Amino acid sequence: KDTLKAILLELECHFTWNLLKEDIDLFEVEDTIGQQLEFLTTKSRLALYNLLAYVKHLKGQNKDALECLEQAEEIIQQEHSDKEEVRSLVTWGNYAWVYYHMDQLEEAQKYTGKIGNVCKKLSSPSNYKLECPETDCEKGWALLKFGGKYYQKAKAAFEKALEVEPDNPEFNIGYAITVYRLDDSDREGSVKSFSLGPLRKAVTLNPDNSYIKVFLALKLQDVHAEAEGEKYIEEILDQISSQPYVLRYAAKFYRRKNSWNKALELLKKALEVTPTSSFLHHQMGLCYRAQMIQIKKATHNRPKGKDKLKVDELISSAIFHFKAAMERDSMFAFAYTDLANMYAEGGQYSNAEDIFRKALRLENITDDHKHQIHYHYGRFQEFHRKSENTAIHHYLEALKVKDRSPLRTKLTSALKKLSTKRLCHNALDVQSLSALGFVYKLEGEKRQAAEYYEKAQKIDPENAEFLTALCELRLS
């Protein structure tokens, strides 16, 4: 039996790719995968059903997982008659792992052995896995689905597949999309457009694919070629209909151009197809907020008459959708911050607070996103609740979690104004002392940082944070 458990780990499939269930909302993934099967016909059905099966096992539904794996076998027979045996390895891997979890050891073995046989047949240098670009590609996609944390591992996976077939249409889409997301991940300030080239190439290799095209259009918006982008959008919309995975990215395009009504039209159309989508609900709320803001700016932050009436309607709508986004994807960090921010604007602080505090307890979202929550809660504390003590705290956490980001200077500027103010009132305010300590340390003003920590330590001598700072402050 220990021999079997050893062999399982050697297999190449979802069970050995470190896809941790904690890093996602299991229901959202299971749901959206289901929706991708119905409404994203470009993507591999065999891959989605292999992934679905694994997801279902993470939900503790091993019986349904097998059923999913059966669908895959049928798809293997259908789409991959030729190259049947080699397309079965991942499916067979999930089978062996799923049966092992159901304590059907004899059955689990039947699959590993079935996998072993195929490996020597096409003698790969490994006994229970065969390196393959299509599998590297499936790997890339599963990784992507498990969120921000996996993007680099995803990128590499596609890179491994493209190493073999640099001109494969499918492979290029995966890579291009991955680099496109990494353009929007862990930004330090300005926008990134490493993905522009790979998308160019992806599109050329996939002429009829409007899903890949929409990313090129958005990436062209990002780099101030809005004209070229919008023409790409118009071409797509006249070329496809009611494909939620395409309409929603066109909606985004229009939204940023401030064409909110046209964005709302496209979203709504995507919605009647896929009404539970957290993507769509977020984008909707964003449009209502923006429209709401446009009015406030046009009335110097104090609308009267039908304006105030409209603004309150927009707020309520934006709340409805942010909440929907949040309820559908418990891992959707910006669903929480936008919801709470809108509750704040609405003056329902109790609701703002409850949403923020849930967002502050998400352990497994990325540091970049943790960082944004600390930032927004900090502002809520400062401007709505007027608690400078609490805001200073959260600006510090934001920087501690991620110190180089487009928020860096908003955070250090805020910490400096607040700490100075509070120190003009009480020169012995410790939190404010360690605050300027931390910031000056961050800015490289090593001496001023030391002075601030020394004043802090004089007040709170055996503080292990201030002792640590002064030390590491002496170590350059």
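Start at 1 and count along the sequence shown; that's the residue number.
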Comparing 54-62 with 442-450, which has the greater mean CA B-factor as deposited?
54-62
Pick between 199-207 and 81-89: the one whose mean CA B-factor in the entry is higher.
81-89
Whose C-alpha has the highest temperature factor in the PDB entry: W97, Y150, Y375, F194?
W97
C-alpha B-factor winner, where the candidates are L360, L162, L399, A340
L162
Mind checking which third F320 falls in for C-alpha B-factor across the chain?
middle
Please place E70 in the lowest, middle or highest third of its chain by C-alpha B factor as given in the entry.
highest
Quick tally, chain-level thirds of C-alpha B-factors: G116 sits in the highest
Within this chain's modelled residues, let me know which third the CA B factor of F356 belongs to: lowest, middle or highest.
middle
C-alpha B factor of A456, ranked within the chain: lowest, middle or highest third?
lowest
